[PDB]
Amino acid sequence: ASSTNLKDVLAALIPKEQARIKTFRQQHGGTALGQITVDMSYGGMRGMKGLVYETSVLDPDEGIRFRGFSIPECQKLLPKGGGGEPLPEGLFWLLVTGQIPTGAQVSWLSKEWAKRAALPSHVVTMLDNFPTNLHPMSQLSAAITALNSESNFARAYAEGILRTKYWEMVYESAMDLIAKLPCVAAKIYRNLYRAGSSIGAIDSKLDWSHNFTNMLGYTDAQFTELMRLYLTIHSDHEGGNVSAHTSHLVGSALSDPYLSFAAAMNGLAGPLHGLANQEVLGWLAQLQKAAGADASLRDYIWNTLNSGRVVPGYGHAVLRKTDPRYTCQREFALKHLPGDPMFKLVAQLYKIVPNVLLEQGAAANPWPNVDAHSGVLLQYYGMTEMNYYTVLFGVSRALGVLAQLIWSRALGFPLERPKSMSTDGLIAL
């Protein structure tokens, strides 16, 4: 009998996986997977296999995979709006279950995130009172922190539930949080950039992305398509990235899903991390202030480098080739905004940057990453408020960090608490 329910599927899923991880461990737990070097320790774990994260795997050459699903593969397999871009709802199912969803499942998440989208009074209040010089990421993070009041996992814990049921309450709070996100994010956008106006109502008949754009107040049918792709591609990037790892580290201590997410966001707000979104546009913005020749394009790049600054949008800790997330974006401008002068610049930089970075001989990866291409796309659509970009990243990333978080707790992952050493202590070792 009956219909669609993710929680029920997971219930079926958990015990098998649990069983699966036990025997593997019983046999291989002692297996050395790697070594740790001094350089590794001073180098921010660069190269260190430190975590188990199941939702996605980053390949140094090919890049990110969702099951073992590449972006191009997701693009063709994931249910769409009616209607060329993959629905983030579907990416979510996929990340959660390892399986490709049916349009039917896809519709369930949509309704689900629609029914659940509700902002408590104390949150609206705070956001309403936030100064305008308060960065959108800051506002975003305080808000999510402030929502913790509402944690089903926090309450259940306080009640004394057995550890075995953790995942259950994590799941509820993950679904609620995902659902509330576009409301919080839009409210900040409305406050800061459209003072006096209102977010409106969520309509149970639309997909999440669509209700989001409606809340942001964008009408362009192509903008909606942008959104769906954007929120899908930004989902998840394995576990080692600052935002995902922070949520993983914080969640490990038993802090509810709200608290872990907001810390994840303080992470994404960093310039070398998500903020590159924004830094890229302000660097272009500045570029243009100072139709240029490659030679002047190259002088500009050197001065950045020479000034002990980074060239935003290039480089990666794990990727060693152009980010397929970059290509994905380029192919979208190519279809939709090929004559855009910002676009062209971005295309022009592609030709120069890497070569200049190779020339400098410092960057291990001279290729662009996802952040080099995102904003260009947004600006075209009339969303030119650059200090807001990372919020968009923010909302998407939730899909991936909450998908895994529920697994961690399902699998009983323990407290993340490695050993640290001092230089003296290492000198002595």
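We number the residues from 1 along the sequence you see.
- Per the record, residue 358 and residue 359 are directly connected, as no deposited residue between them is missing from the model.
- In the deposited entry, the stretch joining residue 82 to residue 83 is interrupted by 1 to 3 residues of the deposited sequence lacking coordinates.
- For the segment pair 399 to 407 and 28 to 36, the entry gives 28 to 36 the higher mean B-factor, averaged over Cα atoms.
- Relative to its counterpart among 303 to 311 and 343 to 351, 343 to 351 has the higher mean temperature factor, C-alpha atoms as listed in the PDB entry.
- Listed residues 178, 169, 74, 291 were ranked by CA B-factor as deposited; 291 comes out on top.
- Among 104, 249, 126, 233, the highest C-alpha B-factor recorded in the PDB entry belongs to 126.
- Ranked by Cα temperature factor within the chain, residue 45 sits in the lowest third according to the deposited record.
- When all modelled residues of the chain are sorted by CA temperature factor, residue 326 is found within the highest third.
- Sort the chain's modelled residues by C-alpha temperature factor and residue 271 lands in the middle third, per the entry.
- Compared with the other modelled residues of the chain, the Cα B-factor recorded for residue 373 ranks in the lowest third.
- When the modelled residues of the chain are ordered by C-alpha B-factor, residue 150 sits in the highest third.
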